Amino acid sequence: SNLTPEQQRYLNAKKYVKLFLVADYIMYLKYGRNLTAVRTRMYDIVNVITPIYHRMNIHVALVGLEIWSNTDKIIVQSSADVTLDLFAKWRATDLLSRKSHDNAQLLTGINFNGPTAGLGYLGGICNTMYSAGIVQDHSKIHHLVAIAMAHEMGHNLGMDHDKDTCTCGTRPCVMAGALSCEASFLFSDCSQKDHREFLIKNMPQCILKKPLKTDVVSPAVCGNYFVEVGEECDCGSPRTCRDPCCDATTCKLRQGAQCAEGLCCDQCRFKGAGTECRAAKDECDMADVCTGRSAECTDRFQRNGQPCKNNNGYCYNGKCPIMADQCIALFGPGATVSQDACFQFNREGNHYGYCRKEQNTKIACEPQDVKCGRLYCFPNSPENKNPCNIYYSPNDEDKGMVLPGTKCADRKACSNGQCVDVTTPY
């Protein structure tokens, strides 16, 4: 109704925050130079964060853990602001290059100036440079440090501080503005809305990808609604378990059953081979089918080259990359594709107008490949007086270039800066 079938579908999807935790040098000393103790402290903290976020339809999964026992990798300091900035930066150039994860939190033993015990970018979830938070190991009671960490992840997820009239009960909520040991594990009604709205407007993609059981480095917990190595199923505690196929007490399948949760499981048995589990969502998707022996249902799409969106594009890995949609994504609503003559600028091989790079040398487009180099857009309005406009980033010169798989002519799409036949496998 108010939400597109895309938004609606995104909201109903199960969310997962693949968390990476870091403990600083002071944490290592604080716990007696006992990596076993530091690690344990971190597990206990995640064991508290997880149930807190389950009430927000998000499963927090520790997919990575690092302890700077040898020395800090960033300049951890009294200023929370500077530390956050340095941690996020380090996360972007160092950590994200060797370990994929949706969010990172720094647990430090230092004392931040002021009464705050943490800091996090508001709405930075999934962002390559802002999905981060830092937390002070401010109390001996670990469930209070977990709440502080949950609070920062709260901001990361688009939530603000609870204001005078927000409530979750008789006690303070996770997003309360200040500390207290009366802190509960519940989110206020306001946080619920903020978060929901944030998702509606931003739909961060990374939290839809479920972590592999083998990617979780935290000791398995039976009853946390996530199947971890050593478990066959997990429907929660024996009191909340609604899955007849699973014995919530042992996290083992109940005699007979072959599976429990999933699109390819019926009455505790593998759906029939060739049975449809997930229908196609769009003209570039292909109905998914069960294999009979598996419990999960692999997702497959149409073969690249399938005409889509009223002969305006060709399917590419599940999507329908169109030049009109790209212009809108770069310059906002109203943006239209520039007239053909504008693309001639790509034959220049100049600083912005080219088709590809050999290594660092920009190679001008061929007369026939003009539509596969730099994208030229025109914000359609009475004002603007320039038919040709480009989007450029000094950080990544590839940004603003026509996307691969984009229709560049009849029966042709861009491959590697070249307009080629969609009938040839790509």
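We number the residues from 1 along the sequence you see.
Looking at the entry, does 242-250 or 286-294 show the higher mean C-alpha B-factor?
If you average the C-alpha B-factors of 242-250 and of 286-294, the larger mean comes out for 286-294.
- Query: Between 355-363 and 368-376, which has the higher average C-alpha B-factor in the PDB entry?
  - Reply: On average, C-alpha B-factors are higher across 355-363.
Taking the values straight from the PDB record, which of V135, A176, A273, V76 has the highest C-alpha temperature factor?
Answer for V135, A176, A273, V76: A273, with the highest C-alpha B-factor.
Out of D299, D85, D102, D234, residue topping the C-alpha B-factor column of the entry:
The listed residue with the largest C-alpha B-factor is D299.
Assigned third (lowest, middle, highest) for the C-alpha B factor of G120:
CA B-factor rank for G120: lowest third.
Comparing against every modelled residue in the chain, figure out the third that the C-alpha B-factor of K30 lands in (lowest, middle or highest). Lowest third of the chain for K30's C-alpha B-factor.
(message) Ranking every modelled residue in this chain by its Cα temperature factor as given in the entry, which third contains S381?
(response) Its C-alpha B-factor, which the entry lists for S381, ranks in the highest third among residues of this chain.
What third of the chain, by the recorded C-alpha B-factor, contains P204?
Middle third - that is where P204 ends up once the chain's C-alpha B-factors are sorted.
Give the position of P321 by CA B-factor within its chain, expressed as the lowest, middle or highest third. According to the entry, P321 has a C-alpha B-factor in the chain's highest third.
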